[PDB]
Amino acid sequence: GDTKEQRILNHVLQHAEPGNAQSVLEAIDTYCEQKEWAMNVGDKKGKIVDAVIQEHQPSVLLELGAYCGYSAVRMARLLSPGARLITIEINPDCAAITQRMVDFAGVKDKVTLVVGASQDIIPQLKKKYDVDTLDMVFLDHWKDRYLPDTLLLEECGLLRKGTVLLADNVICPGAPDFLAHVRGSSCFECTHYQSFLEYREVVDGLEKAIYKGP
């Protein structure tokens, strides 16, 4: 047998142009639109993600929740040389697929995949992964981790003035306690981007929360 994630990877390996990141993204989106839905950020919201990367030019980017590597590829393809994306994924099998997806897309030099929980890995980023501070963080893992991982990042001293937090799904499935914290707090400048749930007409949005310092 096989899983949906293997089926998404199979489709890419069989239909996308090796080494072409845009091709990989289109192959994934077309499969998911036409065959089976999957929780990739997708093309519509992906464009908003692209604009934030192009606007902030992060050199150290952290991703929470990699899944099949769609957003990893989507973001890594826009990064300058020497820039690095660190992506954390709790599921080893998804991490295996993400790694292959990133290899096939031609952006493996930009990506550092870590297998483990965000809450476990975040306190190790300075000692084990040579991070000083993060330039940007994409939050797209289980929504109940959004707030406590944000607080962890802050407490571990990983945020600096101008650090960009970008969170998917803040409307659907939703991340209300995260939104309340960053929107109510004097330590964050927030912007909401309304859009649509990936592959659907259900309304969703992302939240951009710029850390203003402690």
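Residue positions are given as counts along the sequence shown, with the first one as 1. Here the rigid core means the biggest group of C-alpha atoms that line up within 1.5 Å when the two forms are laid on top of each other.
> Root mean square C-alpha distance from this form after a core fit in 7 other deposited structures of this protein: higher for 24-32 or for 54-62?
After superposing on the rigid core, the more displaced stretch in 7 other deposited structures of this protein is 24-32.
> Output the stretch, either 154-162 or 43-51, that has more C-alpha displacement from this form in 7 other deposited structures of this protein following superposition by the rigid core.
Of the two stretches, the larger average C-alpha offset in 7 other deposited structures of this protein falls on 43-51.
> Give the stretch, out of 123-131 and 71-79, with the larger mean C-alpha temperature factor in the deposited entry.
Per the PDB record, 123-131.
> Going by the CA temperature factor in the PDB record, which third of the chain does residue 190 belong to: lowest, middle or highest?
Middle third of the chain for residue 190's C-alpha B-factor.
> Considering every modelled residue of the chain and its Cα B-factor in the PDB entry, is residue 109 in the lowest, middle or highest third?
Ranked within chain, residue 109 CA B lands in the highest tercile.
> How does residue 53 rank on Cα B-factor within its chain, lowest, middle or highest third?
Its C-alpha B-factor belongs to the middle third of this chain's values.
> Compared with the other modelled residues in the chain, in which third is the CA B-factor of residue 15?
For residue 15, whose C-alpha B-factor we compare with every modelled residue in the chain, the answer is the highest third.
> Please say which third, lowest, middle or highest, residue 150 falls into when its CA temperature factor is compared across its chain.
Lowest third.
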